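Since the structure comes first, as structure tokens, the remarks are kept for the end.
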Amino acid sequence: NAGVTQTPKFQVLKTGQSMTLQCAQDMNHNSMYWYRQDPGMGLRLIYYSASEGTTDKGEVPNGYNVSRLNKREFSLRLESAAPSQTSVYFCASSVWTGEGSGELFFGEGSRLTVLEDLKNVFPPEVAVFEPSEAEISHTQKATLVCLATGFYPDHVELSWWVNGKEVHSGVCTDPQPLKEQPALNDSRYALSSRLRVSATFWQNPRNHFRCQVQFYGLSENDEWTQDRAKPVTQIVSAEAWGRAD
Amino acid sequence: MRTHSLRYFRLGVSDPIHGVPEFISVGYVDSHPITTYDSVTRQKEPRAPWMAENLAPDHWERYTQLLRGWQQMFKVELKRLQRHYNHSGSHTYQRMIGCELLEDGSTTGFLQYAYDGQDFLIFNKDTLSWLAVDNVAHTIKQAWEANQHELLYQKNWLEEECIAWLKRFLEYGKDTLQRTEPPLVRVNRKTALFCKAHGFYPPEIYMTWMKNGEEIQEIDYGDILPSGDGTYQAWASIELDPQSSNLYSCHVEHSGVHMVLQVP
Amino acid sequence: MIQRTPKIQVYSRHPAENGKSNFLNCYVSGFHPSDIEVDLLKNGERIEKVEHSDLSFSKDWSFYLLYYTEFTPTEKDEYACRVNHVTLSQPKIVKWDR
Amino acid sequence: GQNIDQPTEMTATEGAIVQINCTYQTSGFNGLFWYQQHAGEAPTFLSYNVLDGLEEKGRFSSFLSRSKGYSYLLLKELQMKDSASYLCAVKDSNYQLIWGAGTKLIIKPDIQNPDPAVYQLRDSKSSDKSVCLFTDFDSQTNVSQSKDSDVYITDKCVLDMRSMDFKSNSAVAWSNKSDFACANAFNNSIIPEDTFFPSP
Ligand code: NA
């Protein structure tokens with residue numbers, strides 16, 4: 001009872017590189033679909049499969065192919081990736097096609113960025129900044145801030161870890177990254193997040209705070225020729241301890 | 001404009017003979033086939049030239065995909081019925097949907113299903129409910145009526161979408177569907193009087209015998225039969241009374257014209 | 001299981017006249033289920049070049065078909081239509097009565 | 001051709017009522033769908049209308065007028081979790097979905113005790129950046145981007161301390177420039193008159 005499972009969640013590609021997105025549904029559905037979502041416009045259908053054993057083109061099939069492997073699986077193939085195929089791809093399924101009221105069930109989405117060269121891919125630099133003493137005395141609260149800066153593309157997942165456990169209460173992360181150089185088209189990004197706790201929780205010297213950014217980047221098969229380090233998929237983190245005085 | 005109708009039929013066979021298809025879909029505008037699909041060709045194709053000439057290939061490609069899906073859906077529904085009937089062997093499942101655009105401008109809409117050629121489920125788009133003929137259909141009725149949105153969707157398709165398609169197809173085949181070919185009507189003896197008409201279109205015709213200006217349970221009505229050239233023929237007979245003289249007259253109504261043939 | 005036997009009607013396209021080309025029709029209707037075999041007969045022999053319409057559907061869920069072939073009727077040659085169906089123990093022949 | 005239109009963005013206050021409009025011009029009509037899509041997540045089905053009228057479903061209601069080619073999604077008693085994009089889609093005569101571009105619904109929290117202040121966070125030993133936090137201001141305050149190319153300022157973010165049932169807006173500014181100070185970090189923004197600037 002997992003619903004719709006598509007992989008991978010993120011992927012960087014060089015122009016001309018092949019790629020296959022996977023999609024599976026365990027709801028015994030007959031119809032499956034592949035969409036792309038781009039800013040400023042509605043979902044556009046790429047290919048669909050009305051039932052097992054048949055597929056057809058959607059609105060934007062050029063540059064893609066699909067295979068309805070069986071009733072559960074519907075893969076999307078990018079043979080020669082192009083910069084215009086940089087998008088968020090969604091696989092969906094429905095019980096049938098042509099039934100009027102049947103809704104779609106969507107997978108988590110796959111974010112693809114296709115680049116001419118991988119020389120502008122950077123992992124984030126991550127830093128934690130401890131609360132202001134003025135805030136603690138004025139509000140009896142303490143706000144930690146975390147900055148992930150200089151990363152490209154925008155394939156990151158930031159999380160907070162208090163005493164080894166991930167937390168979400170008192171946490172707010174920018175929903176959209178910040179272009180460090182808004183004019184340039186391939187600008188590296190910055191992302192900020194805050195964790196706010198009570199002053200008493202911050203003033204316990206044995207409380208541990210950690211910011212963690214998962215970056216999705218290159219893999220073993222990607223060619224790297226730059227003098228800097230290869231920007232592979234990696235976790236970059238920074239920490240801070242509670243301060244008594 | 002005369003009364004016109006659009007209907008789509010589906011036939012599903014559970015264990016068909018080696019050659020026979022297990023699924024067949026055919027659409028009609030009045031008595032004319034317009035489209036066809038079966039599990040052998042797996043393609044939706046026009047069956048009238050004015051349909052092929054007015055619908056682009058992307059229309060046939062799209063409905064080919066839809067019918068491949070509906071084919072599988074029909075097989076699943078038929079498997080479910082025959083298991084719940086506990087029936088062995090080959091059995092048939094049928095669906096008919098469509099609408100009528102009446103002469104006065106009013107509309108009708110209908111949707112129903114059959115198992116082994118007998119009524120199974122009948123949709124009432126006014127009360128938004130399904131009429132079940134037995135407890136196998138009653139089980140299906142409960143599951144279909146639990147999805148209120150599907151009932152509303154079918155009401156909208158019958159009252160709005162179906163009528164819109166019919167008007168579109170009516171213009172496409174205006175030269176065929178809206179023409180009038182009057183009948184050629186004659187009488188001969190064989191002892192009974194036979195009134196015979198042929199060469200007419202549309203097929204809707206009314207023939208009857210009158211005795212001394214009174215219409216009579218004593219008339220044998222023939223079927224309206226296709227002649228093979230796009231026109232139709234029909235007949236009606238009545239037995240002669242040898243013990244008394246009577247005025248016999250054949251009455252034929254067709255496409256707003258009445259005809260009377262007195263038998264001398 | 002209610003199986004319905006086919007109704008068979010043999011007739012010419014036009015009022016027949018000897019020596020005038022015409023079409024012999026065999027209209028088979030009202031049957032269920034849909035499997036059926038139809039042959040047009042000329043003096044007890046099956047006619048080879050014989051056409052037929054696609055299987056057709058009626059509102060009461062039965063099926064119908066039109067089998068036809070072109071012919072020139074003469075006073076000597078007799079024509080008929082032979083139909084077989086699950087509802088028939090043996091083929092049923094209906095002669096063309098002009 | 002086939003067109004579907006909905007506003008790009010809407011902003012309303014927590015607890016209020018918002019009506020998101022969708023108009024469509026399609027060849028045929030087999031139903032109108034509303035979907036909810038949280039940022040970075042999958043769309044999820046909200047509602048379906050095919051006949052005229054209003055259909056309620058919790059805090060959400062969906063209305064349809066076939067003759068006008070128009071529908072709205074009605075959200076009552078707005079909560080922060082309602083912040084999302086809302087996508088309208090119409091099934092045409094051939095059962096093909098036409099998708100609107102989506103409406104991004106932004107929700108302003110109700111700040112009961114505003115306490116606007118700009119705080120200087122503690123430097124990190126592993127970073128050359130100085131970081132400033134503008135926090136606890138009323139939801140009517142807007143945070144402008146920086147006019148200095150070496151000063152970075154993020155938009156406002158709504159955080160919820162669940163244990164205390166407490167919400168607050170905040171924005172972050174940082175820079176490694178020598179002249180950068182939190183007293184001037186948000187000078188390009190219209191900030192409350194009573195903003196607290198603690199002494200350096
Ligand atoms: Na393609």
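Order determines the names: the first chain of the structure tokens is A, the second B, and so forth; residues in each chain are numbered 1 upward, and ligands are numbered 1 upward as they are shown.
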
Find the residues in chain D near chain B: any atom within 8 Å counts, using only C-alpha atoms. Write them as an mmCIF file with N, CA and C atoms, in the first residue's frame.
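Contents of part_18.cif, as written:
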```
data_model
loop_
_atom_site.group_PDB
_atom_site.id
_atom_site.type_symbol
_atom_site.label_atom_id
_atom_site.label_comp_id
_atom_site.auth_asym_id
_atom_site.auth_seq_id
_atom_site.Cartn_x
_atom_site.Cartn_y
_atom_site.Cartn_z
ATOM 1 N N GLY D 28 -16.024 20.679 -25.368
ATOM 2 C CA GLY D 28 -16.687 19.681 -24.562
ATOM 3 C C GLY D 28 -16.292 19.782 -23.103
ATOM 4 N N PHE D 29 -17.033 19.057 -22.272
ATOM 5 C CA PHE D 29 -16.824 19.125 -20.836
ATOM 6 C C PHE D 29 -17.269 17.813 -20.217
ATOM 7 N N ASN D 30 -16.356 17.182 -19.470
ATOM 8 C CA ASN D 30 -16.643 15.956 -18.735
ATOM 9 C C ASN D 30 -16.264 16.073 -17.263
ATOM 10 N N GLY D 31 -16.092 17.284 -16.754
ATOM 11 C CA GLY D 31 -15.840 17.448 -15.337
ATOM 12 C C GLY D 31 -14.670 18.359 -15.047
ATOM 13 N N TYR D 48 -14.275 17.271 -7.296
ATOM 14 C CA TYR D 48 -14.729 17.065 -8.666
ATOM 15 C C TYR D 48 -16.140 17.615 -8.804
ATOM 16 N N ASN D 49 -16.376 18.421 -9.839
ATOM 17 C CA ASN D 49 -17.718 18.888 -10.173
ATOM 18 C C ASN D 49 -17.976 18.654 -11.654
ATOM 19 N N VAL D 50 -19.216 18.297 -11.990
ATOM 20 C CA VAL D 50 -19.575 18.059 -13.386
ATOM 21 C C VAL D 50 -20.956 18.646 -13.676
ATOM 22 N N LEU D 51 -21.820 18.697 -12.667
ATOM 23 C CA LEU D 51 -23.084 19.412 -12.764
ATOM 24 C C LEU D 51 -23.001 20.728 -12.001
ATOM 25 N N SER D 93 -13.949 16.832 -24.242
ATOM 26 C CA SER D 93 -14.834 15.834 -24.840
ATOM 27 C C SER D 93 -14.129 14.500 -25.045
ATOM 28 N N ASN D 94 -12.831 14.523 -25.330
ATOM 29 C CA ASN D 94 -12.071 13.302 -25.538
ATOM 30 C C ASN D 94 -11.386 12.820 -24.262
#
```

Taking only C-alpha atoms into account, find every residue of chain A that has an atom no more than 6 Å from chain B, and write it out as a ChimeraX atom specification. /A:50-51,100-101

What parts of chain D does DSSP call strand (DSSP E)? I'd like the answer as a ChimeraX atom specification. /D:3-5,9-13,18-25,32-37,44-49,53-57,60-65,70-75,84-91,97-99,103-108,117-120,130-135,152-153,157-161,166-175

Generate the output file for the selected residues, C-alpha atoms, as a CSV table (one decimal), in the first residue's frame.
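Dumped to selection_36.csv:
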```
chain,number,residue,atom,x,y,z
D,3,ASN,CA,-7.8,27.4,-22.5
D,4,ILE,CA,-7.9,27.4,-18.7
D,5,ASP,CA,-7.1,30.4,-16.5
D,9,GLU,CA,-1.1,34.1,-6.7
D,10,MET,CA,-3.5,35.0,-3.8
D,11,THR,CA,-2.8,36.2,-0.3
D,12,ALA,CA,-5.2,36.0,2.6
D,13,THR,CA,-5.1,36.2,6.4
D,18,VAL,CA,-10.6,32.8,0.3
D,19,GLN,CA,-12.1,32.0,-3.1
D,20,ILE,CA,-9.9,30.7,-5.9
D,21,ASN,CA,-11.3,31.1,-9.3
D,22,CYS,CA,-10.9,29.0,-12.4
D,23,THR,CA,-12.4,29.8,-15.9
D,24,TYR,CA,-12.2,27.4,-18.8
D,25,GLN,CA,-12.9,27.4,-22.6
D,32,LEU,CA,-13.6,19.9,-13.4
D,33,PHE,CA,-11.0,18.8,-10.9
D,34,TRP,CA,-9.3,20.7,-8.1
D,35,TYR,CA,-5.9,19.5,-6.8
D,36,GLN,CA,-3.8,20.7,-3.9
D,37,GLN,CA,0.0,20.8,-4.3
D,44,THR,CA,-3.5,15.5,-4.3
D,45,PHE,CA,-7.1,15.3,-5.4
D,46,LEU,CA,-9.4,17.8,-3.7
D,47,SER,CA,-12.8,17.8,-5.5
D,48,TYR,CA,-14.7,17.1,-8.7
D,49,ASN,CA,-17.7,18.9,-10.2
D,53,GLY,CA,-24.0,23.8,-8.0
D,54,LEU,CA,-22.0,23.9,-4.8
D,55,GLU,CA,-20.4,20.8,-3.2
D,56,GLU,CA,-19.1,20.9,0.4
D,57,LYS,CA,-16.3,18.8,1.8
D,60,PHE,CA,-13.4,23.2,1.4
D,61,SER,CA,-16.2,23.8,-1.0
D,62,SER,CA,-16.2,23.7,-4.8
D,63,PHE,CA,-18.7,25.4,-7.1
D,64,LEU,CA,-19.4,24.9,-10.8
D,65,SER,CA,-21.3,26.9,-13.4
D,70,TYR,CA,-16.4,28.9,-14.3
D,71,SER,CA,-15.6,27.3,-11.0
D,72,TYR,CA,-14.2,28.3,-7.7
D,73,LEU,CA,-12.6,26.5,-4.7
D,74,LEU,CA,-13.7,28.0,-1.4
D,75,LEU,CA,-11.5,27.6,1.7
D,84,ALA,CA,-0.1,25.5,-1.2
D,85,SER,CA,-0.7,25.7,-4.9
D,86,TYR,CA,-4.2,24.9,-6.1
D,87,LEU,CA,-4.5,23.4,-9.6
D,88,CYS,CA,-7.7,23.4,-11.6
D,89,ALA,CA,-8.2,20.9,-14.4
D,90,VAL,CA,-10.9,20.1,-16.9
D,91,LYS,CA,-11.7,16.9,-18.8
D,97,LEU,CA,-7.1,16.8,-19.0
D,98,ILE,CA,-6.4,20.5,-19.6
D,99,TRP,CA,-4.4,21.9,-16.6
D,103,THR,CA,-2.8,29.4,-7.9
D,104,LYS,CA,-0.3,29.9,-5.1
D,105,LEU,CA,-2.1,30.6,-1.9
D,106,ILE,CA,-0.1,32.5,0.7
D,107,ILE,CA,-1.5,32.7,4.2
D,108,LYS,CA,-0.5,35.6,6.6
D,117,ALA,CA,13.4,43.4,16.4
D,118,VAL,CA,16.6,43.0,14.5
D,119,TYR,CA,19.1,40.7,16.3
D,120,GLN,CA,22.8,40.1,15.6
D,130,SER,CA,27.9,38.2,9.7
D,131,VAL,CA,24.2,37.2,10.1
D,132,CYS,CA,21.2,39.4,11.2
D,133,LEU,CA,17.7,38.2,12.1
D,134,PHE,CA,14.6,40.4,11.6
D,135,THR,CA,11.9,38.7,13.6
D,152,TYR,CA,21.9,38.6,0.9
D,153,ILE,CA,18.4,38.9,2.3
D,157,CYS,CA,9.3,32.7,6.8
D,158,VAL,CA,6.6,31.6,9.3
D,159,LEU,CA,7.7,29.3,12.1
D,160,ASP,CA,5.5,27.5,14.6
D,161,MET,CA,6.7,26.5,18.0
D,166,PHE,CA,3.4,30.4,19.0
D,167,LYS,CA,4.0,31.7,15.5
D,168,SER,CA,6.5,34.3,14.3
D,169,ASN,CA,7.7,35.9,11.1
D,170,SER,CA,11.4,36.2,10.4
D,171,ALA,CA,13.8,37.1,7.6
D,172,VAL,CA,17.6,36.7,7.5
D,173,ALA,CA,20.3,38.9,6.1
D,174,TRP,CA,24.0,38.2,5.9
D,175,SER,CA,27.2,39.5,4.3
```

Around ligand 1, which protein and nucleic acid residues have at least one atom no more than 10 Å from it, if we count only C-alpha atoms and all ligand atoms? List them as a PyMOL selection string. chain A and resi 46-47+56-58+60-66+77-79

Contact table chain C vs chain B, cut-off 7 Å, shortest pair per residue, only C-alpha atoms, as a Markdown table:
```
| residue | atom | partner | partner_atom | distance |
| --- | --- | --- | --- | --- |
| C:1 | CA | B:116 | CA | 6.7 |
| C:13 | CA | B:227 | CA | 4.7 |
| C:32 | CA | B:117 | CA | 6.8 |
| C:57 | CA | B:9 | CA | 7.0 |
| C:61 | CA | B:117 | CA | 5.3 |
| C:62 | CA | B:117 | CA | 6.7 |
```

Please produce a file of those selected residues containing C-alpha atoms, as a PDB file, in the first residue's frame.
```pdb
ATOM      1  CA  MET C   1     -30.183 -18.809 -20.707  1.00  0.00           C
ATOM      2  CA  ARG C  13     -33.532  -5.344 -53.860  1.00  0.00           C
ATOM      3  CA  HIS C  32     -28.729 -14.338 -29.920  1.00  0.00           C
ATOM      4  CA  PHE C  57     -26.811  -4.515 -32.879  1.00  0.00           C
ATOM      5  CA  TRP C  61     -29.764  -6.838 -27.532  1.00  0.00           C
ATOM      6  CA  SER C  62     -30.257  -9.158 -30.533  1.00  0.00           C
TER       7      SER C  62
END
```

Residues within 9 Å of residue 39 of chain C, please, as a PDB file with C-alpha atoms, in the first residue's frame. Count only C-alpha atoms; anything in the same chain fewer than 5 positions from it doesn't count.
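Saved result, selection-v9.pdb, follows:
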```
ATOM      1  CA  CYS C  26     -31.083 -12.513 -47.092  1.00  0.00           C
ATOM      2  CA  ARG C  46     -23.955 -22.333 -52.662  1.00  0.00           C
ATOM      3  CA  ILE C  47     -23.136 -19.036 -54.373  1.00  0.00           C
ATOM      4  CA  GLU C  48     -19.460 -18.126 -54.026  1.00  0.00           C
ATOM      5  CA  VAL C  50     -21.677 -13.327 -51.806  1.00  0.00           C
ATOM      6  CA  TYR C  67     -26.269 -11.185 -46.858  1.00  0.00           C
ATOM      7  CA  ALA C  80     -32.763 -19.741 -51.201  1.00  0.00           C
ATOM      8  CA  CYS C  81     -30.888 -18.836 -48.022  1.00  0.00           C
ATOM      9  CA  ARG C  82     -29.386 -21.387 -45.626  1.00  0.00           C
ATOM     10  CA  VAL C  83     -28.781 -20.353 -42.005  1.00  0.00           C
TER      11      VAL C  83
END
```

Residues near segment 87-89 of chain C, cut-off 10 Å, only C-alpha atoms, skip fewer than 2 positions along chain, as number ranges by chain: C: 3-6, 31-33, 36, 83-85, 91-92

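Nearest-residue note for residue 176 of chain D: choosing from D:128, D:115, D:194, D:148, the minimum distance belongs to D:128, counting only C-alpha atoms.
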
Using only C-alpha atoms, what does the table of chain A residues within 7 Å of chain D look like, with each row giving the shortest atom pair and its distance in Å to one decimal, sorted by chain and ascending number, as JSON lines?
```
{"residue": "A:40", "atom": "CA", "partner": "D:101", "partner_atom": "CA", "distance": 6.1}
{"residue": "A:41", "atom": "CA", "partner": "D:101", "partner_atom": "CA", "distance": 4.4}
{"residue": "A:42", "atom": "CA", "partner": "D:101", "partner_atom": "CA", "distance": 3.9}
{"residue": "A:43", "atom": "CA", "partner": "D:99", "partner_atom": "CA", "distance": 5.8}
{"residue": "A:98", "atom": "CA", "partner": "D:95", "partner_atom": "CA", "distance": 5.6}
{"residue": "A:100", "atom": "CA", "partner": "D:30", "partner_atom": "CA", "distance": 6.0}
{"residue": "A:101", "atom": "CA", "partner": "D:48", "partner_atom": "CA", "distance": 6.9}
{"residue": "A:103", "atom": "CA", "partner": "D:45", "partner_atom": "CA", "distance": 6.6}
{"residue": "A:105", "atom": "CA", "partner": "D:44", "partner_atom": "CA", "distance": 6.9}
{"residue": "A:106", "atom": "CA", "partner": "D:42", "partner_atom": "CA", "distance": 5.8}
{"residue": "A:107", "atom": "CA", "partner": "D:42", "partner_atom": "CA", "distance": 6.2}
{"residue": "A:108", "atom": "CA", "partner": "D:42", "partner_atom": "CA", "distance": 5.1}
{"residue": "A:109", "atom": "CA", "partner": "D:42", "partner_atom": "CA", "distance": 6.5}
{"residue": "A:127", "atom": "CA", "partner": "D:127", "partner_atom": "CA", "distance": 6.6}
{"residue": "A:128", "atom": "CA", "partner": "D:124", "partner_atom": "CA", "distance": 6.6}
{"residue": "A:129", "atom": "CA", "partner": "D:122", "partner_atom": "CA", "distance": 5.6}
{"residue": "A:130", "atom": "CA", "partner": "D:122", "partner_atom": "CA", "distance": 5.1}
{"residue": "A:131", "atom": "CA", "partner": "D:121", "partner_atom": "CA", "distance": 5.4}
{"residue": "A:132", "atom": "CA", "partner": "D:121", "partner_atom": "CA", "distance": 4.7}
{"residue": "A:134", "atom": "CA", "partner": "D:198", "partner_atom": "CA", "distance": 6.6}
{"residue": "A:135", "atom": "CA", "partner": "D:119", "partner_atom": "CA", "distance": 6.6}
{"residue": "A:169", "atom": "CA", "partner": "D:161", "partner_atom": "CA", "distance": 5.7}
{"residue": "A:170", "atom": "CA", "partner": "D:161", "partner_atom": "CA", "distance": 4.3}
{"residue": "A:171", "atom": "CA", "partner": "D:159", "partner_atom": "CA", "distance": 5.9}
{"residue": "A:172", "atom": "CA", "partner": "D:159", "partner_atom": "CA", "distance": 5.0}
{"residue": "A:174", "atom": "CA", "partner": "D:157", "partner_atom": "CA", "distance": 6.4}
{"residue": "A:178", "atom": "CA", "partner": "D:154", "partner_atom": "CA", "distance": 6.9}
```
